[PDB]
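Keeping their order, the protein sequence lines are chains A and B. So for the first sequence, the entry's author numbering puts the first residue at 346; every next one is plus one. So for the second sequence, the entry's author numbering puts the first residue at 348; every next one is plus one.
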Amino acid sequence: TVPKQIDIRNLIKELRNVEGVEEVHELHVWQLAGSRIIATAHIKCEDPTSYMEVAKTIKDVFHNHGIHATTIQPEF
Amino acid sequence: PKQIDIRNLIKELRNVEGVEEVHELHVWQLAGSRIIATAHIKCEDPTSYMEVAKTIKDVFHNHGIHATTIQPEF
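Given below as structure tokens:
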């Protein structure tokens, strides 16, 4: 009975501020029953050493904005 | 306008060069008759992946799925 609010602006800004993230090329969100929100992102990263290190940070940022299921596609 | 042949899709993905493992192969039906897919993929190394990501995208396209997000494990 209670819609969940997604802060687009701070989500995208926090993602862009993750070390080694050069661009967010794609980001979609969609929502299911039980206010469960799913997201995809395509990101440009500096190099594959960054990405493996920083994927956890991205997942944490999503989680901090009430999105618990993500698929992150990097471009190097 | 194409069926998604599930068995061939999984089998083709698994046989893409440098793909070691395919997990979490999800197909989502969204509004406006949109189908997208997500997948977790274990690759040999990041040189393979950047080579293969086009191939995976095209395999998905071939099985009637036009938007994909592939999450690699190195």
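C-beta: ideal position from N, C-alpha, C; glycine also.
is_contact[residue i, chain B] using C-beta, thresh 8 Å
i	result
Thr-416/A	yes
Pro-393/A	yes
Residue from the options with nearest C-alpha to residue i
i	options	result
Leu-372/A	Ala-378/A, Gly-365/A, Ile-351/A and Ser-380/A	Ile-351/A
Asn-355/B	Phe-407/B, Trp-375/B, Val-399/B and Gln-418/B	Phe-407/B
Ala-378/A	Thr-416/A, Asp-392/A, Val-399/A and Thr-346/A	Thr-346/A
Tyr-396/A	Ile-403/B, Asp-392/B, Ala-386/B and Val-399/B	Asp-392/B
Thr-394/B	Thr-416/B, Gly-365/B and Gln-418/B	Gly-365/B
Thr-416/A	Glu-398/B, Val-374/B and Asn-409/B	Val-374/B
Sequence-distant residues of its chain with Cβ nearer than 6 Å to residue i (five each side left out)
i	result
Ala-414/B	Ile-383
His-387/A	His-370, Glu-371 and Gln-418
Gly-411/B	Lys-349 and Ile-351
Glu-359/A	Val-406
Same chain, Cβ closer than 7 Å to residue i, neighbours up to 5 away in sequence not counted
i	result
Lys-389/A	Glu-367, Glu-368, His-370 and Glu-420
Closer than 8 Å to chain A by CB, residue i
i	result
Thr-385/B	yes
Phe-421/B	yes
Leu-360/B	no
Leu-377/B	yes
In DSSP terms, what residue i is bridged to
i	result
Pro-419/A	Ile-388/A
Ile-383/B	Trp-375/B and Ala-414/B
Chain-order list of residues whose beta-carbon lies under 8 Å from that of residue i (same chain, five-residue window excluded)
i	result
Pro-348/A	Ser-380
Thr-402/B	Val-363 and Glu-364
Terminal residues of the beta strand (DSSP E) in which residue i lies
i	result
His-408/A	No beta strand (DSSP E) contains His-408/A, which is instead part of the alpha helix (DSSP H) from 393 to 409.
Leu-377/B	366 to 377
N- and C-terminal bounds of the alpha helix (DSSP H) containing residue i
i	result
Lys-358/A	353 to 361
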